[PDB]
C-alpha cells in the first residue's frame with residue numbers, strides 16, 4: 001500500500 | 001511542467017503552476033522504516049523546501065518529471 005522506492009501496486013507485505 | 005502526488009491518496013501528475021513553480025520529490029520513512037527503504041512522496045512546490053533534519057526533499061520542473069521507481073519495468 002505505498003508508492004515506495006521499489007513498487008507501485010499498493011503491496012501490503 | 002506537471003508534478004505527481006504520492007502524498008495525496010493515489011498518484012497523478014497535475015499542473016501546479018499557481019504558486020509552485022515546479023515539482024518536488026520527497027522521501028523519508030513510513031509507519032516503520034521497512035528494509036525496502038523510505039517511500040516516494042513527490043508533488044508540487046515553490047522551491048525545494050525542508051532541508052535541516054533528515055527530510056530528503058527534491059525538485060523537478062518538466063513534463064511530469066516526478067517519476068520514482070514505481071512500476072519496475074524489465
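Residue numbers (the entry's author numbering), protein chains in the order written: chain B, 1 to 13; chain A, 1 to 74.
Think of the CB as a built atom: it goes at the ideal place given N, C-alpha and C, for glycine as much as any other residue.
Proximal residues of chain B, C-beta to C-beta of residue i below 7 Å
i: residue 57 of chain A; result: The premise fails here: residue 57 of chain A is roughly 14 Å from chain B at the closest Cβ pair, so nothing lies under 7 Å.
i: residue 6 of chain A; result: 3
i: residue 11 of chain A; result: 3
Residues that residue i contacts on chain B, provided the C-beta gap is smaller than 8 Å
i: residue 36 of chain A; result: 4, 5, 6, 7
i: residue 70 of chain A; result: 3, 7, 8
i: residue 132 of chain A; result: Nothing about residue 132 of chain A can be read from this structure; chain A reaches only from 1 to 74.
Beta carbon of residue i nearer than 9 Å to that of residue j
i: residue 16 of chain A; j: residue 3 of chain A; result: yes
i: residue 40 of chain A; j: residue 6 of chain A; result: yes
Simplified DSSP state of residue i, which is helix, strand or coil
i: residue 26 of chain A; result: strand
i: residue 13 of chain A; result: strand
N-terminal and C-terminal residue of the beta strand (DSSP E) that residue i is part of
i: residue 39 of chain A; result: Per DSSP, residue 39 of chain A belongs to no beta strand (DSSP E) and is neither H nor E.
Exercise for review: Determine, using beta-carbon pairs with one atom in the stretch 40 to 50 of chain A and one in the stretch 59 to 73 of chain A, whether at least three such pairs fall under 8 Å.
Suggested key: yes
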